[PDB]
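Engineer: compute the structure for the input listed below.
(5 chains, ligands or ions: 8)
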Amino acid sequence: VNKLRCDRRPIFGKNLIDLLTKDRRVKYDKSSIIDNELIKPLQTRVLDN
Amino acid sequence: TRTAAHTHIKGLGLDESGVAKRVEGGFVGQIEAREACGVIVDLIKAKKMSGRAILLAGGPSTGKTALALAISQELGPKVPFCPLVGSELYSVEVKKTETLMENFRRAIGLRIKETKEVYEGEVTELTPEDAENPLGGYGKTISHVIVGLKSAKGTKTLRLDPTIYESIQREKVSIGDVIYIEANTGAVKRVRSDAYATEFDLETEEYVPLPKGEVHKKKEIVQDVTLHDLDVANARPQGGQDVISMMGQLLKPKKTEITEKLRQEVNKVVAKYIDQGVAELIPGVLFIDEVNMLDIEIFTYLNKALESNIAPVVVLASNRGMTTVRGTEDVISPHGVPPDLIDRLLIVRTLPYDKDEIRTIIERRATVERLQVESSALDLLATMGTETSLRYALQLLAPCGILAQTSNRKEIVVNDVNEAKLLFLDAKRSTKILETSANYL
Amino acid sequence: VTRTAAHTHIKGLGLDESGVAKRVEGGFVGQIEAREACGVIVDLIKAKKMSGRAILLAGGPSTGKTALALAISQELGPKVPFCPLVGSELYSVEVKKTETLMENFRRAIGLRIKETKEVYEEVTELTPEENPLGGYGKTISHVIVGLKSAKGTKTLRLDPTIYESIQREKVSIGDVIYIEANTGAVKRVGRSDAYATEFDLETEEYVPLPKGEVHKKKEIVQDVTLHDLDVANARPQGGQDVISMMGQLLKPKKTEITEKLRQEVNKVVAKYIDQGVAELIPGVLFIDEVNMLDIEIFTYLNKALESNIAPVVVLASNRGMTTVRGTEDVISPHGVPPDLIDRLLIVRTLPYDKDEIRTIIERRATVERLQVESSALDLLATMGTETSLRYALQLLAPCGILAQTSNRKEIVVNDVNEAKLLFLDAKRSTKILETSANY
Amino acid sequence: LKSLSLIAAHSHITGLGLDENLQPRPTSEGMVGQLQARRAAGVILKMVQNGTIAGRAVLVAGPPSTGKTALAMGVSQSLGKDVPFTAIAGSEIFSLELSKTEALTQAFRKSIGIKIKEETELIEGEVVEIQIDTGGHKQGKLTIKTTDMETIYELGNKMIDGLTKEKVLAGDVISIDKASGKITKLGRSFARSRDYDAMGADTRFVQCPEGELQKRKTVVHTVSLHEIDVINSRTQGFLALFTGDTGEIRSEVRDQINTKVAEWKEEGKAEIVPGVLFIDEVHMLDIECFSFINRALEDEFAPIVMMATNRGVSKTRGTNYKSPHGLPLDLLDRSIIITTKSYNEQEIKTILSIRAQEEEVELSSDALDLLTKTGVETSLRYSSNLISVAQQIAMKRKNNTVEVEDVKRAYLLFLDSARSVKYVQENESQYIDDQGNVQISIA
Amino acid sequence: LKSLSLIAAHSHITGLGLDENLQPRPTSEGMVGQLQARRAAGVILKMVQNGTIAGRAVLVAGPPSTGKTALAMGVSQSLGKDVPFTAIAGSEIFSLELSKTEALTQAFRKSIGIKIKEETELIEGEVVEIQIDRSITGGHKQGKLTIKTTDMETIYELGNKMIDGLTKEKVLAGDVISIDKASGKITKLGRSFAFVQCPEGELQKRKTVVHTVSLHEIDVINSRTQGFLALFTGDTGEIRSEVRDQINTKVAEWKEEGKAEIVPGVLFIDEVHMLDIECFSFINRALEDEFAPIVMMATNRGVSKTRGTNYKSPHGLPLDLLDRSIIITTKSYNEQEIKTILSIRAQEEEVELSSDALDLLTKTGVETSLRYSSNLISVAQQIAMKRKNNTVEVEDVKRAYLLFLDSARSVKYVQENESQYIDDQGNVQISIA
Ligand SMILES: Nc1ncnc2c1ncn2[C@@H]1O[C@H](COP(=O)(O)OP(=O)(O)O)[C@@H](O)[C@H]1O
Ligand SMILES: Nc1ncnc2c1ncn2[C@@H]1O[C@H](COP(=O)(O)OP(=O)(O)O)[C@@H](O)[C@H]1O
Ligand SMILES: Nc1ncnc2c1ncn2[C@@H]1O[C@H](COP(=O)(O)OP(=O)(O)O)[C@@H](O)[C@H]1O
Ligand SMILES: Nc1ncnc2c1ncn2[C@@H]1O[C@H](COP(=O)(O)OP(=O)(O)O)[C@@H](O)[C@H]1O
Ligand SMILES: [Mg+2]
Ligand SMILES: [Mg+2]
Ligand SMILES: [Mg+2]
Ligand SMILES: [Mg+2]
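Structural biologist: Residues are numbered from 1 along each chain as shown, chains lettered A, B, ... in the order given. Ligands and ions are numbered 1, 2, ... in the order given. Please find the structure below.
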C-alpha cells in the first residue's frame, strides 16, 4: 500500500487548470450594450424564420 | 525594448501643405514617394471613395514596405490596417477566393458609441409602498417601491414602478451588499461589499468597495468591430447544451465559405444602425506585399472585388520587372501583374539611394540600437553598404557591437568591422566561394 | 496441411559460433559474405548500444535481399519488434507522409514493463451500512463482504465507493466477482457453477469457482511500443459524458502528433527506467523498394536518423543508376540521394549460379513435399538458368498437380515439358507480343 | 542522462568549445576545429542571450559532413535549457491540414516563450472534526489544525452550501482559497490507513502540512506564444496541444494575444524570452515559404532564425531558374552567411578518436591510422560507422581491443559508396535500368 | 432605405437610359455613347421582363475599359429589385468542397425567385387596460385586457401562451399594440403617452404578405434537416439530384394551381474567359433546361487558349458554346465621349473642375487609358483641397500626373533600369558600386 500511494500521488497535470483559466480570462467586465441585434446567433434565426 | 528592421519609422515626416522634409520621422530621401503616400493618407481620411488601388514598385531594399508601415502609423491605431503576404491566400481549408474576400472585409471597421444612465451603489433600504387599490379589492396594493442608495459622497432615495419587483427576486439582491441598475430599460444587476467583508469569518462571496461619486452616472462607451467579426459571429453558433453547440464542439469547426445572404443582412442592419447616428463607418487599408506570388485567378477575382461599393483601399508592393504572371506561361507583364489589373491602379515609383543617404541610414540605425560609432568606422560601413548592399551593412551593426563589448570596449572601431567582415559574409562572396569549389558546395 | 508462401524454408542465417557462415544451413545456400554481414548487424542490434544505424542491401531482382531481412528478423527473436514496410506505404491520405514515417519509426522500439498487483476472488454474503452526526443525509460507513474461493474462505471490510461500484455491477449474493484493490474496481465473473439447476433455464454462463487462495499476490509483465503510449495519450478512451463517447463513435483518423507529447512520454519512460520497473528494447524498421520514396521523405530521413532514440533501419533496393523520384535531373545509385547513402552502409548481394539454383529448387521441392527425378531436376535447373530462378520455383506446383492427376507421385520430364507448354514466362510473352496486330 | 538517448549520431558535443574572450579552443566540449564558425556561433549565442535583437537571418553553408548540424546542436546545448529552441526540417512544412504559411507561423510562435508569474493564497491542513448541529443545518463552525496553528472558523450559508457537496469526512487534509472560489480536496490523514482493507481509486494518505494555515505563494510558468494561441482558439484547445489538429488559427486570436502579452509585460506580470528557430535542409522549400519568411522576419515577435544547407548553384523549388544555395536572392540579401570549410587529416583523426572514446572502443594505433586514411579517402561518416562495426567484429573474436585485421574485415564486409557505384557501373545489365530493362536470366 | 454603399466604379449609372421605343438617348441615366450595345441590352432586358423565353445565353465582347461591366450594371439597375440578378466572377466556381458542376448548378438556381402570397389577420389599437393574475405555486394564470380604437372598444380574455407572449415584451397601458392571431406575435408601434397618434378604424383588419425566396434556398432547405443552417454558414455539399428533380415538379404544381408565382432572373458571369472545359460543357447542357435564367457572360480576350485544353479559340471559349450564344460587341470611345465620361464621373464625386483642367484630363485619358484620368480626378481634388482652394486647376492635375505614374512610363522605366529589378531568371543587382 505504501508503493501504491507513492505511485498514485504524483499525477500532476502538464497544463494545470489554473494556468488555462488564467490565460482564458477576460479583462473587460461589461460592454456592448447594443450588440443583441447586430450579432443575432442563428439559433435565434431558426425560430425567427 | 526590442528592435526588428523597423520601429525607427514614425510617420512620413510630412508637413502642412504636404511637403516632405529631407530628414524627419526616421526617413531620409524618397521625397516623391512620401508625398504621394501622404496624398493617399489624406484620401483615406476623407472616407468618401471606395476600392482605390495603388501599387508601389521599386528595387529591393528601397523602403517599399517602410512606406506602407509609415502610412499605417500616420493613419492611427483607430482605423483598421490588414497586412498580408501574397502567399497567405492559399489555404487548405477554404478556396483562395473566400479567403481574399474575408481579408477584404476585415479592413472595413465600424465604431459603436453610445451613452448609458446608471444608478449604482450600496443599498441603504428597500420597502414597498402600500396604497389604495385602483379597482375594487380587499388586500394590500403596492404602487411604488422605495430604494435608497448610498455611495462615496452621495446618497439618494428613489421611488420606482413596483412591477420591477421580480428583478430583485431573480437577482437575490439582499440588503446592503451591492446594486447596479440601468435607468430606462428597468431590470437590476447584482454586482457583497468591503463593509461586511471582514465581518464574516470566511465566505465564498466576492466583495466590492463603495462606488465612487454621485449615485447617478452618465457613461459613454465606445468600441470598434470589423465587419468580418460581425459575419463570423452571425454565422457561428453560441449557447450551452443545444445539439448545434455539441456538433460544433465535436467537429473542429474549420472555416466555411460564408454565404452572400448573411453579408447582405449584416450590411442592411449596419446601414440601419448608422442611419440612427449610433454607429460610424471607418474604411481601412489592406496592404499586400509580394503580389508577384498571387495566382492569375486571384488577380481576376480582385478585378471584380475592387469594383464593389464596400471595398477598402488596397495597396500592393512588388519588386519585379518584365516577368511572367504566375499561373500562365505566355503573359509577360511589368511587376508580374496582369495588364488589366494594372490599368485599374495607380503606380508609385521608388528610387535607390546614394552613398550619403546610406551613411545617414546607418548612423540612425546605430543610434536606435544603443551603439556608439565614430566617423573612422562609419565611413568604412558606408563604403561596405555601397559595395555589398545596404541591408548587409544594417545587419553587420549588432555583431560589431557584440565584438566591441567582448573586448571590454564601448566604441565600434575599424578593427571590429573588419573582423565582422571576416566572420560573416554577404551573398556575392558566398556565390564566389560556391563557384570556385567543386565539393558539392 | 501447412501453407507456404515464397519463404518458410529459411529459418536463420546458418552461422556457427565464430560467425562463419556454413555453405548450406538454415535454408540458405551461398551468399556467404552477405550472411556474415547480416549476422554482424544482428549482433550489433543485440548489443543494445547504438541508435540510428542504417544498412542498405544492393542487388538484382531475385537475389535474396528480402530473404536476408526475414532471416535477420527470425534470428532476432519474437520479443524484439520488427516493423516491415513498403516504400509506397508511406503515402497516406489522412495525414502527411512525414507523420506516418515518424509513427512507423516509433513503432520499432519497444518497452517491457512490469507491475505487481493484488486481487480477491464465491461471494458468500455482504452487508452495507452509522449515525450521520453532521451533513450526511444518508450514511454508508463500510461494507462487509465474504468470499469463498477454493483454498479457504475469508471476510473483509471495504469502502462505500466500491459498494457503489458493486451496485453498478449489480451482482447477486451467490456469485463470483473479480475485485482489484489497486484501482478499486469489481468485475462480476458470473454466477457460481455449483449454484446451477436452481431453475430449469438461465441465460448467464454459470462458470466454475476460482482456484486457489482468495487473496492473490501476483506480478504481470507486458511488452508494448512507444507508439502505443503515444496513441493512448493522443486519443484517450476514458470518459462517461456524451462528448467523450460520441468522439469514440467517430472513425479514428491519424493526426499530427505533437513533439511535446513525445518528449513528455520519453521523460516518463526514462523516469520509470531509472527505477528498474521497465526496460527498453530497440527494434528494427525494414523498408522495401526505397526507390519508391520521393526526395522529401529521403531528406526527412536524415533528420530522423540523427535523433536520439532512432532504431536500426534496413533498406532494400534493386535499381542501378537512376533518377531519384521527385526530381528530374539527379542521377544517383540505387535511387537514393547522395547524402543518405553517405549516411548508411552498403551490403552487396551477388547473383546465383547453376548449382545453387539446382539446390534451391531441390530444397523448395523438399519443403513443398514433392517427389522429383534427377533428370527432371536437371531439366528444371537448366530451365531456370535459361529464363529465371523464380520461374522454376513457381512452375514446380503445377507440375505436382499434373503428376497427381495421372496418379503418379513423382515429377517427371514430360510433366515439366507440359507445364512449360501450358504456362509461359516473361521472355516468350514479350517475344510473342510485338509479333501480332492486336495487342 | 535525463533524456532517453542511447547514443546519438553526435552526442559527444556539449556546447561550443570557446572561452570568455570568445576565442575557440582547439578542442573542448566535444568540438574540434572550425574555429571561425565556432567564433561566429558564439557571437550569435551572445546576440540571442542579449534578447534585444529580433528577427535575424543567419545561414550556415558548407559541404556535407562538415559540422553544420553539429554546430547547431552545440549552440543549442550551450544556450542551456529554459530558452526555446525549435528544430525542424523543410519537408515537415508541407502538411495536409495546414497551409505552408500557417505551419511556418506556428513554428515562429513556438520559437519564443514567455514567463508569467501568478500570486495566490491558499489554506491547507483541514483536519477539522466539523461541528454542525434554529434550523436548516445551523451552527456553522469548524476547526482547522496544523503543526504550528490551530483555530476555529465560523461558516456562512454559501460556505456550508459548498461544503455539503464534496463531503469532507472531518479527518482529511483539505485546501481552500480566500478568493471566493472552490474548496479543493487534497487527501486523508495517515491515522485512517488501517481502518479498511481495500482503499478506493481516489483516496490517498498525505501527511499533515506544516507551517502556517494561510499561505501566499508566487508561481512562474513558462508558456510559448503558440500554446496561448491554441488555448484561446477553441473551447478546449489545450487538447490540440497533444493531438495537433489546431486547424489554421485565425488572425484575430493572434492579435488579441499580442495585445494581452503587451499588457502583461507592461504590468510586470510577464517577460518574454526569445528563442532560436533552426531549419535543417532549408534548400528544399517552396518559393511561397521564402516569400512568407521575407516578411515574417520583420515582426517584433520574431526569434533568431538559423538555417542549414549544403547545395551549390541549384534550382529553387517552385521555380525554373537556378540560384546559389537554392535560395532566392531576395531572401539571401537579408541574411549573414557562416561558411564551414573542409576537414584536415589531423582533425579527422581527432574526431575519430573522440567518437571511439564515446563508444568505449579501444583502438590500436595502427587501427586508428588506417581508419583515418579510409576517412580521408572516403567520407568521414563511413569510418565513424566502421569503428562500431569493427568493435562488434573484435567482440565476436573474444578480444577487447580492435586490431588492423578487424578493421580490414569490416572494410571488406561493408561497402563504401564509391565501390558500390563502381560495381553497379561494371554490372549495368543485372540491375534495373532507368527504362526498366533488366536481365534476370544468367544465360 | 438605401443600403450601405460608397462611391464605387459604377455608382454613376442608374439604368440603360432608353426611350419608350428602345431608342437610346446620347447621354442619359449616367450612360454615354455606345448606342448599339445599349439598344441590344434593352432588347435583352425586354426579353427578361417578358418572362417567356428561357435558357438564352448572350455574350458581351470588347476591349478592356469599354463598358461591358457598365452595361451589365445598367441592365441590373434598370431591371430593378424583386427580380434576381446573380453576378459572379469566373474564378468563383472553383472550390475545395463543391464540384464545378455543383457550384454552377447553385449559381444557376440562385437567380430564380418564387413568391408566395398569404393573408394575415391583425388586431391593432391602443391598450386601455390589462389585468393579470398569477397563482404562486400554481400552474395556470388568468388574464384579461381592454383594447380600443377611435370607433371600437372591446375586452378580451386570454389563454395560457397569450399571457407569456404579452409578458416577455412589457405591455403597459400607454402602448400601441398589434396582434396577429395566427402567430401571436407582439408588435410595439409606440407609447401614446406617459409620440404616436391613436389607431383609428376597425379594431381588426386583414392584409397580405409576400414571402419571396430563391429556388436554390428551397433546394437547400429540403436536402437535410440541418441544411437550413447552410443557408448562412454556406456549408452544404453536393445536394442529391432527386431533391432538385422533386422540387422542380413541386414548384410546377404550385405555379399551375396558383399558390405561388415564379420570376426568372439574370445570371451575370464576369471574366468568363477563364473556366475549365468541363464547366463549358456543363453550361452547354444546362442552358436547355426549362428552369434556366438568362445568362450574360463578359469577355475581353482575343484568340486565346481555353483553360483545360491546348488549343486556342476566339474569346477563349469553345466553338460548341459559341454556337448557341448571341454576341454583342462594344467599340472604343471618341475623345468627346471620353470627356463626357470624365465630366459625369467628376460630377458624381462632387468635384468641381476647371475647363482647361478637364481638357487636359481628356487629353491624358486619350493618350493613356480612360481609367487613369478617372482615378487621377480624385487625387487632383485632394491636392487642390490641401492647397486650401476648392477648385481643381491645371497645376494640381499636373502635380498628380507627375506624382502618380502610368503603366507606359513604368514599363519604360523598368526597361531602361532592368538591372535594378528582379528579372524572370531571378538575377538582381542590389549593389550600387
Ligand atoms: N528612407 C528610409 N528611412 C529609413 N529606413 C529605410 C529607408 N529606406 C529603406 N530603409 C530600410 O530598408 C528596409 C526596408 O526594405 P524594403 O525596401 O522594404 O525591402 P523590400 O522593398 O524588398 O520590401 C528597412 O529595414 C528600413 O530600415
Ligand atoms: N541463398 C539462398 N538460399 C535459399 N533461398 C534463396 C537464396 N537466395 C534467394 N533465395 C530465394 O529466392 C526467392 C526470391 O528472392 P527474393 O529475396 O524475393 O529476391 P529480392 O531480393 O529481389 O526480393 C526467395 O523466396 C528466397 O527463398
Ligand atoms: N567540429 C566537430 N566536432 C565534432 N564532431 C563533428 C564536427 N564536425 C563534424 N562532426 C561530425 O560530423 C557529423 C555532422 O555532419 P554534418 O556536417 O552535420 O552533416 P550535414 O552537413 O549533412 O548536416 C556529426 O556526426 C559529427 O560527429
Ligand atoms: N457608357 C458608359 N457610361 C458611363 N461609364 C462608362 C461607360 N463605359 C465605360 N464606363 C466606365 O469605364 C470603366 C470601365 O468599365 P467597363 O469598361 O464596363 O469594364 P471593363 O474594363 O471590364 O470592360 C467603368 O468604371 C465605367 O464607369
Ligand atoms: Mg517588404
Ligand atoms: Mg524483395
Ligand atoms: Mg544536417
Ligand atoms: Mg469589367
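
Engineer: you'd agree residue B:155 is in a strand?
Structural biologist: Yes - assigned with DSSP: H, G, I helix; E, B strand; the rest coil, residue B:155 falls within a strand.

Engineer: who are the contact partners of it?
Structural biologist: Neighbour list for residue B:155: B:124, B:148, B:149, B:215 [criterion: C-beta atoms under 8 Å, 6 or more residues apart in numbering or on different chains]. From N, CA and C alone the C-beta is placed, and that goes for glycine too.

Engineer: please report how far the last one lies from residue B:173.
Structural biologist: Right, residue B:215. Distance from residue B:215 to residue B:173, counting by C-beta to C-beta, to the nearest Å: 16 Å.

Engineer: now residue D:236
Structural biologist: Residue D:236 is 35 Å from residue B:173, by C-beta to C-beta.

Engineer: now do residue D:178
Structural biologist: Counting by C-beta to C-beta - residue D:178 and residue B:173 are separated by 24 Å.

Engineer: between these two, which is the more surrounded one?
Structural biologist: Taking neighbours as other C-beta atoms under 10 Å in any protein chain shown, residue D:178 and residue B:173 compare with residue B:173 leading, 19 against 14.

Engineer: tell me if that one really is in a strand.
Structural biologist: No - read with three-state DSSP, residue B:173 is coil and lies in no strand.

Engineer: so who does the nearest residue to residue B:200 once chain neighbours are set aside touch?
Structural biologist: Spatially, and ignoring its direct neighbours in sequence, residue B:200 is nearest to residue D:156 (5.5 Å; C-beta to C-beta, 6 or more residues apart in numbering or on different chains). Shown in contact with residue D:156 (C-beta under 8 Å, 6+ apart): B:200, B:201, B:202, B:203, B:204, B:205, D:140.

Engineer: for ligand 2, what's the nearest residue on chain A?
Structural biologist: Ligand 2 sits closest to residue A:14 of chain A, with a gap of 45.8 Å, by C-beta to the nearest ligand atom.

Engineer: that residue - nearest residue in space that isn't next to it in sequence?
Structural biologist: Residue A:14 sits nearest to residue C:264 (C-beta to C-beta, 6+ apart), 6.3 Å away.

Engineer: what's the spacing between that neighbour and residue D:217?
Structural biologist: 25 Å.

Engineer: whether the host helix or strand of residue D:116 contacts chain C - can you check?
Structural biologist: Residue D:116 belongs to strand D:113-124 when elements are defined using DSSP states H and E. No - against chain C, strand D:113-124 shows no contacts by C-beta under 8 Å from any C-beta of the partner chain, the least distance being 12.5 Å.

Engineer: and the next helix or strand past that strand?
Structural biologist: strand D:141-145.

Engineer: gap between that next one and the chain center?
Structural biologist: The chain centre lies 48 Å from the centre of strand D:141-145; the measure is C-alpha atoms, centre = their mean, to the nearest Å.

Engineer: kindly report the same for stretch B:223-237.
Structural biologist: 15 Å.

Engineer: ok, now stretch D:239-251?
Structural biologist: 19 Å.

Engineer: which positions in it come out as buried?
Structural biologist: D:240, D:241, D:242, D:243, D:244, D:246, D:247, D:248, D:249, D:250, D:251 (16 or more other C-beta atoms under 10 Å in any protein chain shown).

Engineer: show me the residues you listed that map onto helices.
Structural biologist: D:240, D:241, D:242, D:243, D:251 (DSSP state H).

Engineer: could you dump the buried residues of stretch D:239-251 to TSV with distance to residue D:65?
Structural biologist: Output for these, formatted as TSV (distance: C-beta to C-beta, whole Å):
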residue	distance to residue D:65
D:240	39
D:241	36
D:242	36
D:243	37
D:244	33
D:246	37
D:247	40
D:248	38
D:249	39
D:250	44
D:251	42
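
Engineer: in a markdown table: those residues, plus distance to ligand 5.
Structural biologist: Shown next, in a markdown table, are those (distance: C-beta to the ion, whole Å):
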| residue | distance to ligand 5 |
| --- | --- |
| D:240 | 32 |
| D:241 | 33 |
| D:242 | 37 |
| D:243 | 36 |
| D:244 | 32 |
| D:246 | 28 |
| D:247 | 29 |
| D:248 | 24 |
| D:249 | 24 |
| D:250 | 23 |
| D:251 | 19 |
